[PDB]
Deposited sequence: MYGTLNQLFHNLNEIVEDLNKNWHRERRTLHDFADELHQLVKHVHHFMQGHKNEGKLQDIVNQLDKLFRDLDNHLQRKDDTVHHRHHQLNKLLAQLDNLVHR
């Protein structure tokens, strides 16, 4: 029974982790895209336009790097769940 309760709980937490990243990724991409707009609205003030670019690039870097980190943790978490699943239904 306990093992099943661990599987169930962890299963929810894993799902919650992946849904929150789906959400955050969207939120930060829109954020990125609005910086990107702003760069064009400016260019259409030399310190400023350059700062917007940098920020756009920082955030892009972060999203790419987090995406890779999330991919890797999700895979490890799914393998763990599989093992748990097998153990409870054994």
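Stretches of the deposited sequence lacking C-alpha coordinates, numbered from 1: 1-2, 47-56.
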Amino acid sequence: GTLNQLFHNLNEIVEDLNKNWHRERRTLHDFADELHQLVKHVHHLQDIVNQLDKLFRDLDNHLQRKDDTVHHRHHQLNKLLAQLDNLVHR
From here on, numbers count along this sequence of modelled residues.
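In this crystal structure, the stretch out of 27-35 and 46-54 whose C-alpha atoms carry the higher mean B factor is 46-54. Stretch comparison (81-89 versus 4-12) by mean CA B-factor in the PDB entry places 81-89 on top.
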